[PDB]
Every structure is written in structure tokens, then in C-alpha cells.
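Residue 107, in the authors' numbering, is where the sequence shown stops; the numbers in between run on with no holes. Backbone N, C-alpha and C fix where the C-beta goes; we use that ideal spot for every residue, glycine too.
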Amino acid sequence: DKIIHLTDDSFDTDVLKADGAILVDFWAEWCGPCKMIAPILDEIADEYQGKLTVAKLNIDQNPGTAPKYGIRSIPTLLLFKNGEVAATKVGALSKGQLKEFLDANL
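Next up, the structure:
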């Protein structure tokens, strides 16, 4: 709904050239912890509307981007501000913890 669906080719304009904070979830359908956090991202997107944009990159349909960031495992969340990584988080976490993680960087 409010989650931007990324591609290797949309990444630059959607993430690097965007205004304000962007959380990007690197994920894949066969990744258990990834599916575990998928619904929390939908809720975060609605809730932080105006302060943050939430976005997903499926690494199977889009194999280009992950390596540019030295991503080793999934899920990995990168928080972008003004085209640079501000913070990252590897592996699953709760909704509550994700709010803590974002408040720490916004």
C-alpha cells in the first residue's frame, strides 16, 4: 500500500535521490525470518507516514543491489538518509524493537 516496491533500476531514484529517511528491507521468499517481519513493515509504513518511507527489495528478482552494500545474510534492513547508510539491522526483530531502532536514528 505505502511500501515502495524496488528494483535494481529504481533503486537510485527511489532510495539514493529521495528526501528523508528510507528503510529498505533486503529479503527473499525462501527466507523464514524475512516472512516473519514482512507484516511489521506494513504497519510501520502507515504509522511513520510523513517521517519515513518503507521499501522492499527482493534479492532473487533484483540481484544487483545487495552486493553494493556487502549484505551477507537476510533479512537486512538499511536506513538511508540523503543517499548514505545511517544504520543497519541484520535478522528478525519485533515491531516494538523496530520502533526503537528507527527512533534511535530519526
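Between the segment 41-51 and the segment 81-89 there are fewer than three inter-stretch CB-CB distances shorter than 8 Å, so the stretches are not counted as touching.
Of the residues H6, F12, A93, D47, the one whose Cα lies closest to the Cα of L78 is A93. The beta carbon of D2 lies closer than 8 Å to those of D43, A46, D47 in the same chain, with the five residues before and after it left out. Note that the C-beta distance between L58 and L103 is not below 8 Å.
The C-alpha of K96 lies about 6 Å from the C-alpha of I41. Looking only at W31, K18, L24, the smallest Cα-Cα distance to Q62 is reached by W31. Fully enclosed alpha helix (DSSP H) runs of no fewer than 4 residues occupy 33-48 of the segment 18-102, in order along the chain.
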